[PDB]
Amino acid sequence: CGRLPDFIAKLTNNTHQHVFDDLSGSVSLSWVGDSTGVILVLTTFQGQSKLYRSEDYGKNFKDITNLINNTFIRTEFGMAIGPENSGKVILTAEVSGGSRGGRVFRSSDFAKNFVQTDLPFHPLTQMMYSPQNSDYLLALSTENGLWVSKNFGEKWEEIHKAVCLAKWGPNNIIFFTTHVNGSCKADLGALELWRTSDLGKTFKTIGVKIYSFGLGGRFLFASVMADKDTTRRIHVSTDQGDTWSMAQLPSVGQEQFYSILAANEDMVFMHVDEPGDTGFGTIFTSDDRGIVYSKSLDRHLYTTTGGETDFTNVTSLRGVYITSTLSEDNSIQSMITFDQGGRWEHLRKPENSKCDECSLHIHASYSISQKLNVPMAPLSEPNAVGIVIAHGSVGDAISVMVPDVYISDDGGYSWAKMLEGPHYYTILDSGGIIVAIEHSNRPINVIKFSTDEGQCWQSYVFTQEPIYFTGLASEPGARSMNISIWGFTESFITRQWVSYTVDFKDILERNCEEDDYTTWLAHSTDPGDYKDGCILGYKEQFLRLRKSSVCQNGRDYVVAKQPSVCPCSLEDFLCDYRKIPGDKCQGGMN
Ligand SMILES: *[C@@H]1O[C@H](CO)[C@@H](O[C@@H]2O[C@H](CO)[C@@H](O)[C@H](O)[C@H]2NC(C)=O)[C@H](O)[C@H]1NC(C)=O
Ligand SMILES: *[C@@H]1O[C@H](CO)[C@@H](O[C@@H]2O[C@H](CO)[C@@H](O)[C@H](O)[C@H]2NC(C)=O)[C@H](O)[C@H]1NC(C)=O
Ligand SMILES: *[C@@H]1O[C@H](CO)[C@@H](O)[C@H](O)[C@H]1NC(C)=O
Ligand SMILES: [Ca+2]
Ligand SMILES: [Ca+2]
């Protein structure tokens with residue numbers, strides 16, 4: 001491997017330290033908008049709150065605690081960040097014992113100015129933005145009242161009482177459950193599901209005997225109790241609850257649960273927990289109506305009701321998902337699907353790695369929850385086509401051994417060891433740079449980076465004062481070249497939070513050209529087959545950045561791809577026959 005020259009000089013003047021020398025114990029960070037560089041940092045000591053604001057992607061911060069009048073901010077509610085570039089921020093404050101209602105600091109200009117607002121109620125939940133209109137907010141009160149605002153939280157009205165759960169639907173529709181006689185936990189299974197399309201002026205009861213409800217893609221789901229039984233079933237609606245269909249899914253008992261694993265405009269991955277405290281269930285995939293379900297994966301790991309699952313959307317390649325399954329011997333084995341759950345498969349072992357014949361197993365939420373030496377779950381970005389990064393074990397099952405970091409560049413078909421120890425990682429510039437920080441219980445001062453998709457790595461010493469590393473921060477969307485390295489210095493009585501923001505603009509000094517990209521057929525496994533690369537009835541050819549090209553994709557980078565319809569085979573249909581949701585094959589068989 002040949003390394004690019006003089007990278008130290010291109011990063012020293014692009015390294016920016018900021019110290020947060022308050023006495024806080026916890027730190028939370030929110031990005032506000034895209035292409036703004038606005039970061040809000042809230043530090044808490046338990047109490048005192050400090051509010052810091054950056055507008056250069058974290059290179060410099062300003063103390064703006066005076067903008068909230070030095071009020072303690074309750075971390076339970078977080079920072080209610082408005083969608084897209086609305087620039088909306090809502091912080092929930094603590095009040096005294098005799099206050100009639102709550103207090104909230106509202107900003108609509110990317111945290112440049114905050115307005116202090118007294119509420120006619122005490123908030124029980126975070127204030128939720130309507131996807132259709134960021135001025136429309138709902139919240140539940142401590143008396144389980146449903147409150148709605150049309151003017152970004154300035155004025156509130158209580159549209160219904162005894163509300164247990166409320167969610168925005170499309171076009172400013174509100175769905176919510178309510179109880180009549182009792183409470184929310186007591187009347188579990190006797191709730192009613194209501195809908196209002198006019199922000200509380202009129203109401204329609206769209207369900208009774210309700211356990212709970214949820215939204216996923218185009219689908220409205222409700223679990224409904226049986227008449228003379230303690231079991232419950234899933235009903236689904238695609239017309240905002242005007243009509244319902246019984247999902248072709250098994251019923252479950254009180255000790256079981258349903259969980260939406262993933263949902264888009266085509267279909268839903270649904271987890272049905274198995275009876276008993278055995279920690280696993282079954283994955284089913286829906287049709288385009290959310291009614292017909294095909295069994296996709298048996299013995300899917302999902303510990304308890306609100307427990308841990310390893311289900312992972314490989315967002316860098318269409319149709320690819322990874323998750324963990326419980327073996328018959330109660331060992332954990334990773335499985336990968338490339339066709340949206342049509343079939344699952346063991347992950348292919350890297351060629352050079354040895355078994356501790358075997359396969360690759362991926363560490364995710366469950367491994368992290370069990371306090372394994374795994375700092376991050378899998379990472380993928382849609383604009384960085386084919387790239388998957390994860391901690392893994394090569395062998396027969398998930399192992400507690402010190403895991404290596406593995407990378408795929410084709411969406412999970414092939415794998416290679418990326419780095420030796422456990423590392424935090426982050427993808428920048430749509431894959432133009434991959435960054436990694438060693439996971440250690442010792443202080444560190446090195447950030448590793450790769451410009452060839454993880455094949456070659458350079459180490460950069462970003463500070464002479466090593467830090468206990470805690471996490472990476474970068475602009476969501478993976479289009480920036482800025483990376484914030486967060487850690488702390490420690491004395492005998494306090495911790496000094498510090499961030500180092502490195503700008504890679506001089507590493508990727510030139511913009512990528514058309515010559516810098518090459519054609520790549522996704523899902524290619526055998527060019528001799530007529531249907532090579534066909535997934536859900538069509539294949540796609542991408543323009544991928546050459547690994548050898550050292551250049552910036554750009555903030556306005558758009559993945560260039562060209563689809564080609566494949567002939568329909570029996571693999572494109574499910575049993576009602578019905579074509580698979582999202583399948584776009586034409587001609588062929590039927
Ligand atoms: C998993 O991740 C992929 C990529 O993020 C999802 O794909 C997209 O679907 C959404 C909404 O349905 C549209 O926002 C995007 O245009 C799609 N993006 C791409 C790159 O395909 C996919 O829907 C997710 N899987 C599931 C089942 O939710
Ligand atoms: C990373 O952060 C830098 C600023 O620290 C970004 O720079 C800016 O460039 C944009 C558009 O060229 C202008 O919005 C801003 O005025 C600049 N910011 C400042 C304060 O100088 C840079 O764009 C980020 N890196 C990437 C690729 O996103
Ligand atoms: C700001 O805080 C000070 C001291 O706590 C208080 O006296 C003042 O009334 C506050 N301003 C408000 C509540 O707007
Ligand atoms: Ca169970
Ligand atoms: Ca490159």
# chains A, B, ... in the order shown; residues from 1 in each chain; ligands from 1
>>> residues_near_ligand(ligand="ligand 2", cutoff="10 Å", atoms="only C-alpha atoms and all ligand atoms", output="PyMOL selection string")
chain A and resi 14+16+34-38+54-60+428-429+474-475+478-483+501-505+508+552-556
>>> closest_atom_pairs(of="chain A", to="ligand 5", cutoff="6 Å", atoms="only C-alpha atoms and all ligand atoms", output="Markdown table")
| residue | atom | partner | partner_atom_place_in_ligand_line | distance |
| --- | --- | --- | --- | --- |
| A:432 | CA | ligand 5 | 1 (Ca) | 4.9 |
| A:451 | CA | ligand 5 | 1 (Ca) | 4.5 |
| A:452 | CA | ligand 5 | 1 (Ca) | 4.5 |
| A:546 | CA | ligand 5 | 1 (Ca) | 6.0 |
| A:547 | CA | ligand 5 | 1 (Ca) | 4.6 |
| A:548 | CA | ligand 5 | 1 (Ca) | 5.5 |
| A:549 | CA | ligand 5 | 1 (Ca) | 4.5 |
| A:550 | CA | ligand 5 | 1 (Ca) | 4.5 |
>>> residues_near_ligand(ligand="ligand 1", cutoff="7 Å", atoms="only C-alpha atoms and all ligand atoms", output="ChimeraX atom specification")
/A:217,262-265,267-269,313-316,318,382
>>> residues_near_ligand(ligand="ligand 3", cutoff="7 Å", atoms="only C-alpha atoms and all ligand atoms", output="PyMOL selection string")
chain A and resi 69-70+116
>>> write_last_selection(atoms="N, CA, C and O atoms", output="PDB file, in the first residue's frame")
ATOM      1  N   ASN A  69     -31.661  32.522  29.764  1.00  0.00           N
ATOM      2  CA  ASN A  69     -31.703  33.143  31.091  1.00  0.00           C
ATOM      3  C   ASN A  69     -31.169  32.212  32.181  1.00  0.00           C
ATOM      4  O   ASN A  69     -31.642  32.238  33.320  1.00  0.00           O
ATOM      5  N   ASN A  70     -30.186  31.380  31.834  1.00  0.00           N
ATOM      6  CA  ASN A  70     -29.521  30.490  32.790  1.00  0.00           C
ATOM      7  C   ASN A  70     -30.513  29.551  33.475  1.00  0.00           C
ATOM      8  O   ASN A  70     -30.371  29.218  34.652  1.00  0.00           O
ATOM      9  N   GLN A 116     -38.826  33.058  25.418  1.00  0.00           N
ATOM     10  CA  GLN A 116     -39.280  32.331  26.596  1.00  0.00           C
ATOM     11  C   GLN A 116     -40.802  32.292  26.603  1.00  0.00           C
ATOM     12  O   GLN A 116     -41.456  33.339  26.561  1.00  0.00           O
TER      13      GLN A 116
END
>>> closest_residue(among="A:259, A:144, A:172, A:518", to="ligand 4", atoms="only C-alpha atoms and all ligand atoms")
A:259
>>> residues_around(residues="residue 521 (chain A)", least_positions_apart="4", cutoff="12 Å", atoms="only C-alpha atoms", output="MDAnalysis selection string")
chainID A and resid 317 385:386 410:411 525:527 531:535 538:544 561:564
>>> select_by_dssp(residues="region 276-439 of chain A", states="strand (DSSP E)", output="VMD selection string")
chain A and resid 280 to 286 293 to 301 312 to 313 321 to 326 332 to 337 345 to 346 359 to 362 388 to 395 404 to 408 416 to 419 423 to 428 433 to 438
>>> closest_atom_pairs(of="chain A", to="ligand 4", cutoff="7 Å", atoms="only C-alpha atoms and all ligand atoms", output="CSV")
residue,atom,partner,partner_atom_place_in_ligand_line,distance
A:255,CA,ligand 4,1 (Ca),6.7
A:256,CA,ligand 4,1 (Ca),5.1
A:273,CA,ligand 4,1 (Ca),4.9
A:274,CA,ligand 4,1 (Ca),4.4
A:275,CA,ligand 4,1 (Ca),4.5
A:276,CA,ligand 4,1 (Ca),4.4
A:277,CA,ligand 4,1 (Ca),4.6
A:278,CA,ligand 4,1 (Ca),5.5
A:279,CA,ligand 4,1 (Ca),5.7
A:280,CA,ligand 4,1 (Ca),6.2
A:281,CA,ligand 4,1 (Ca),6.7
A:304,CA,ligand 4,1 (Ca),6.8
>>> residues_around(residues="residue 248 (chain A)", least_positions_apart="5", cutoff="12 Å", atoms="only C-alpha atoms", output="compact mmCIF listing (two decimals) with C-alpha atoms, in the first residue's frame")
# COMPACT_ATOMS: atom_id res chain seq x y z
CA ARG A 233 -54.10 -9.16 16.60
CA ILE A 234 -52.77 -6.60 14.14
CA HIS A 235 -55.19 -4.62 11.99
CA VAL A 236 -53.95 -2.34 9.22
CA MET A 270 -42.75 -7.02 11.11
CA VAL A 272 -43.74 -11.24 15.88
CA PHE A 284 -42.58 -11.35 8.38
CA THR A 285 -42.59 -9.16 5.28
CA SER A 286 -45.80 -7.52 4.07
CA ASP A 287 -47.29 -6.91 0.64
CA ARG A 289 -51.15 -3.20 1.45
CA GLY A 290 -49.61 -4.34 4.74
CA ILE A 291 -52.14 -7.20 4.86
CA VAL A 292 -50.50 -10.34 3.43
CA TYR A 293 -47.38 -11.47 5.29
CA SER A 294 -44.76 -14.01 4.22
CA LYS A 295 -42.50 -15.60 6.82
CA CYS A 575 -48.77 -15.74 -2.46
CA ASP A 576 -51.96 -13.70 -2.06
>>> residues_around(residues="residue 102 (chain A)", least_positions_apart="6", cutoff="9 Å", atoms="only C-alpha atoms", output="MDAnalysis selection string")
chainID A and resid 92:95 117:123
>>> residues_around(residues="region 419-422 of chain A", least_positions_apart="3", cutoff="8 Å", atoms="only C-alpha atoms", output="ChimeraX atom specification")
/A:373-375,391,402-406,438-439
>>> atom_distance(atom1="CA of residue 510 (chain A)", atom2="CA of residue 464 (chain A)")
29.5 Å
>>> atom_distance(atom1="CA of residue 468 (chain A)", atom2="CA of residue 486 (chain A)")
8.6 Å
>>> closest_residue(among="A:39, A:536, A:127, A:23", to="residue 490 (chain A)", atoms="only C-alpha atoms")
A:23
>>> residues_around(residues="residue 62 (chain A)", least_positions_apart="5", cutoff="10 Å", atoms="only C-alpha atoms", output="PyMOL selection string")
chain A and resi 18+40-41+51-55
>>> write_last_selection(atoms="N, CA and C atoms", output="mmCIF file, in the first residue's frame")
data_model
loop_
_atom_site.group_PDB
_atom_site.id
_atom_site.type_symbol
_atom_site.label_atom_id
_atom_site.label_comp_id
_atom_site.auth_asym_id
_atom_site.auth_seq_id
_atom_site.Cartn_x
_atom_site.Cartn_y
_atom_site.Cartn_z
ATOM 1 N N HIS A 18 -11.802 23.083 20.779
ATOM 2 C CA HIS A 18 -12.660 23.890 21.639
ATOM 3 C C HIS A 18 -12.850 23.167 22.962
ATOM 4 N N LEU A 40 -25.817 22.675 18.280
ATOM 5 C CA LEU A 40 -26.203 23.045 19.633
ATOM 6 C C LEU A 40 -25.683 21.995 20.601
ATOM 7 N N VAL A 41 -24.957 22.441 21.621
ATOM 8 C CA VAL A 41 -24.424 21.560 22.651
ATOM 9 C C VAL A 41 -25.014 21.987 23.986
ATOM 10 N N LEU A 51 -25.565 26.149 27.483
ATOM 11 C CA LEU A 51 -25.941 26.026 26.081
ATOM 12 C C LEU A 51 -24.861 26.666 25.221
ATOM 13 N N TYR A 52 -24.300 25.887 24.302
ATOM 14 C CA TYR A 52 -23.257 26.339 23.394
ATOM 15 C C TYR A 52 -23.737 26.198 21.956
ATOM 16 N N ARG A 53 -23.299 27.119 21.098
ATOM 17 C CA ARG A 53 -23.724 27.143 19.703
ATOM 18 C C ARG A 53 -22.515 27.309 18.795
ATOM 19 N N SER A 54 -22.435 26.463 17.773
ATOM 20 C CA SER A 54 -21.465 26.587 16.699
ATOM 21 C C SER A 54 -22.195 26.849 15.389
ATOM 22 N N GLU A 55 -21.525 27.561 14.478
ATOM 23 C CA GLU A 55 -22.040 27.714 13.123
ATOM 24 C C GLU A 55 -20.953 27.475 12.077
#
>>> atom_distance(atom1="CA of residue 465 (chain A)", atom2="CA of residue 499 (chain A)")
11.8 Å
>>> closest_residue(among="A:568, A:91, A:42, A:522", to="residue 24 (chain A)", atoms="only C-alpha atoms")
A:42
>>> closest_residue(among="A:310, A:266, A:192, A:357", to="residue 323 (chain A)", atoms="only C-alpha atoms")
A:310
>>> closest_residue(among="A:446, A:416, A:301, A:388", to="residue 326 (chain A)", atoms="only C-alpha atoms")
A:301
>>> closest_residue(among="A:530, A:577, A:424, A:176", to="residue 440 (chain A)", atoms="only C-alpha atoms")
A:424
>>> decode(residues="region 373-508 of chain A", atoms="C-alpha atoms", output="compact mmCIF listing (two decimals), in the first residue's frame")
# COMPACT_ATOMS: atom_id res chain seq x y z
CA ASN A 373 -15.93 -4.20 23.51
CA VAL A 374 -17.98 -2.81 20.61
CA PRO A 375 -18.12 1.01 20.38
CA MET A 376 -20.41 1.27 17.34
CA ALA A 377 -23.12 -0.65 15.52
CA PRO A 378 -22.86 -1.08 11.73
CA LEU A 379 -22.52 2.07 9.63
CA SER A 380 -23.69 2.75 6.08
CA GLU A 381 -24.76 5.80 4.09
CA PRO A 382 -27.00 5.84 0.99
CA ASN A 383 -24.78 8.31 -0.88
CA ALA A 384 -21.72 6.06 -0.30
CA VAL A 385 -22.85 3.15 -2.46
CA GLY A 386 -21.94 -0.35 -1.30
CA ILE A 387 -19.88 0.64 1.75
CA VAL A 388 -20.66 -1.17 5.03
CA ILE A 389 -18.52 -0.88 8.17
CA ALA A 390 -18.99 -3.02 11.28
CA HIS A 391 -17.29 -4.76 14.17
CA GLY A 392 -17.29 -8.49 13.58
CA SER A 393 -16.27 -11.97 14.64
CA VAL A 394 -15.06 -14.55 12.10
CA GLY A 395 -16.27 -17.99 13.16
CA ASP A 396 -19.42 -19.89 14.09
CA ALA A 397 -21.11 -17.31 16.33
CA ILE A 398 -20.86 -13.86 17.87
CA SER A 399 -17.78 -13.95 20.10
CA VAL A 400 -16.76 -11.89 23.13
CA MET A 401 -13.21 -11.73 21.74
CA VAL A 402 -11.77 -8.30 20.94
CA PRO A 403 -13.49 -7.60 17.60
CA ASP A 404 -11.87 -6.31 14.45
CA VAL A 405 -13.55 -3.77 12.16
CA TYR A 406 -14.67 -5.16 8.81
CA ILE A 407 -15.66 -3.32 5.64
CA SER A 408 -17.66 -4.26 2.55
CA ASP A 409 -17.60 -2.21 -0.65
CA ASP A 410 -20.37 -4.10 -2.49
CA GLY A 411 -23.21 -4.02 0.04
CA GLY A 412 -22.30 -7.12 2.05
CA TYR A 413 -21.48 -9.78 -0.56
CA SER A 414 -17.75 -9.70 0.22
CA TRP A 415 -15.89 -8.51 3.30
CA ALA A 416 -12.36 -7.63 4.36
CA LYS A 417 -10.75 -6.74 7.67
CA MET A 418 -10.53 -2.94 7.76
CA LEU A 419 -8.77 -2.31 11.10
CA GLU A 420 -7.38 -4.55 13.81
CA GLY A 421 -8.82 -3.24 17.08
CA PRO A 422 -12.27 -1.91 17.88
CA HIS A 423 -12.79 1.57 16.44
CA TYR A 424 -15.33 4.32 16.14
CA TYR A 425 -15.85 5.19 12.49
CA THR A 426 -17.55 7.77 10.29
CA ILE A 427 -18.03 8.23 6.54
CA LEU A 428 -17.40 11.68 5.06
CA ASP A 429 -18.01 13.17 1.60
CA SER A 430 -20.21 10.28 0.44
CA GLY A 431 -17.31 7.87 0.94
CA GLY A 432 -14.51 10.17 -0.18
CA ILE A 433 -13.04 9.76 3.32
CA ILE A 434 -13.50 7.12 6.01
CA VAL A 435 -12.36 8.14 9.50
CA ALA A 436 -11.64 5.97 12.53
CA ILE A 437 -10.69 6.42 16.20
CA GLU A 438 -9.17 3.64 18.30
CA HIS A 439 -11.46 2.34 21.05
CA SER A 440 -9.39 2.19 24.23
CA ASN A 441 -9.70 2.69 27.97
CA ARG A 442 -6.44 4.75 27.67
CA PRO A 443 -6.19 8.32 26.32
CA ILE A 444 -5.75 8.67 22.56
CA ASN A 445 -4.54 11.42 20.24
CA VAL A 446 -4.69 9.84 16.75
CA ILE A 447 -7.39 9.97 14.07
CA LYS A 448 -7.04 7.49 11.21
CA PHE A 449 -8.38 8.27 7.74
CA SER A 450 -8.67 6.51 4.39
CA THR A 451 -9.31 7.96 0.93
CA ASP A 452 -9.56 4.59 -0.88
CA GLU A 453 -12.60 3.14 0.94
CA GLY A 454 -10.70 1.53 3.81
CA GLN A 455 -7.88 -0.22 1.93
CA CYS A 456 -5.08 2.18 2.93
CA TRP A 457 -4.92 4.13 6.19
CA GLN A 458 -2.91 7.09 7.48
CA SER A 459 -2.62 8.13 11.13
CA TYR A 460 -2.79 11.80 12.14
CA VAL A 461 -1.86 13.09 15.61
CA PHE A 462 -4.49 15.79 16.13
CA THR A 463 -3.37 16.92 19.60
CA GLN A 464 -0.42 16.88 21.97
CA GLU A 465 -2.79 16.57 24.97
CA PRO A 466 -4.37 13.09 24.71
CA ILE A 467 -8.03 12.70 25.63
CA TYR A 468 -10.38 10.01 26.91
CA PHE A 469 -12.35 9.65 23.68
CA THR A 470 -16.14 9.57 23.86
CA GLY A 471 -17.60 9.96 20.37
CA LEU A 472 -17.56 11.35 16.85
CA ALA A 473 -19.85 14.05 15.47
CA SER A 474 -20.42 14.98 11.83
CA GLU A 475 -23.17 16.57 9.78
CA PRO A 476 -25.97 14.05 9.09
CA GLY A 477 -26.11 12.98 5.45
CA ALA A 478 -22.35 12.25 5.22
CA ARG A 479 -21.70 15.10 2.79
CA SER A 480 -19.29 17.25 4.81
CA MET A 481 -15.53 17.01 5.16
CA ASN A 482 -15.66 18.12 8.81
CA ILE A 483 -15.29 15.66 11.68
CA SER A 484 -15.52 16.49 15.39
CA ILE A 485 -13.47 14.37 17.81
CA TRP A 486 -15.08 14.49 21.26
CA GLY A 487 -13.41 13.56 24.52
CA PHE A 488 -12.47 14.82 27.95
CA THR A 489 -9.47 15.61 30.12
CA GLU A 490 -9.74 14.42 33.71
CA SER A 491 -8.47 15.85 37.00
CA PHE A 492 -9.00 14.65 40.56
CA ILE A 493 -12.39 16.39 40.86
CA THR A 494 -13.77 17.25 37.40
CA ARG A 495 -13.77 16.42 33.70
CA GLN A 496 -12.95 18.99 31.00
CA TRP A 497 -14.90 18.28 27.81
CA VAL A 498 -13.01 19.01 24.59
CA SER A 499 -13.66 18.59 20.87
CA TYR A 500 -11.19 18.61 17.97
CA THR A 501 -12.76 19.40 14.60
CA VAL A 502 -10.64 18.41 11.59
CA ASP A 503 -11.44 19.82 8.14
CA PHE A 504 -10.27 17.59 5.29
CA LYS A 505 -10.67 20.28 2.61
CA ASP A 506 -6.92 20.26 1.88
CA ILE A 507 -6.68 16.46 1.77
CA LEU A 508 -9.37 16.37 -0.93
